[PDB]
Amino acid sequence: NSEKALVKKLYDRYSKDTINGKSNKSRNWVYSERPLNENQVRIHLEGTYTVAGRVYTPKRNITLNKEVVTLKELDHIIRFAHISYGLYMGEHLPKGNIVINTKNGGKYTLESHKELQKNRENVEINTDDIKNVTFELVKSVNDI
């Protein structure tokens, strides 16, 4: 099963709770309502995950330090938060984009069906520039 293997590759990459010395502490890469320090931001994931034509609206957010990070890092943490509601589980690949929206109207688009392209890994992003993350993801079939 090749579709299953492609799913497993995305799951194995993005389910890791560390990257480059950062880690998911206190569920900060999943969901928090805890008060923010002056040096933190909270980026809300606002979107839909539609499975076999039924829309789900999972509520997740990521709590990060204010700093310049790489797109590899932000892509990682964002997809980790998606995995926490069920993204990349089972045997079928999702499709659709996850979009990092910036405060002045910029975007970084993360295509969900494949890994981040290697040539994008080192793009530098100030976490304080991020407005939110939107997404419209589709999994065409349920697992049987």
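From 1 onward, residues are counted along the sequence shown.
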Output the stretch having the higher mean C-alpha B factor in the entry; the candidates are 33 to 41 and 56 to 64. 33 to 41
Highest mean C-alpha temperature factor of the two stretches 96 to 104 and 83 to 91, which is it? 83 to 91
CA B-factor placement of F135, once the chain's modelled residues are sorted into thirds: lowest
Record-listed C-alpha B factor of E46: chain third: middle
Please say which third, lowest, middle or highest, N20 falls into when its CA temperature factor is compared across its chain. highest
What third of the chain, by the recorded C-alpha B-factor, contains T109? lowest
Among the modelled residues of this chain, does the Cα B factor of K118 put it in the lowest, middle or highest third? highest
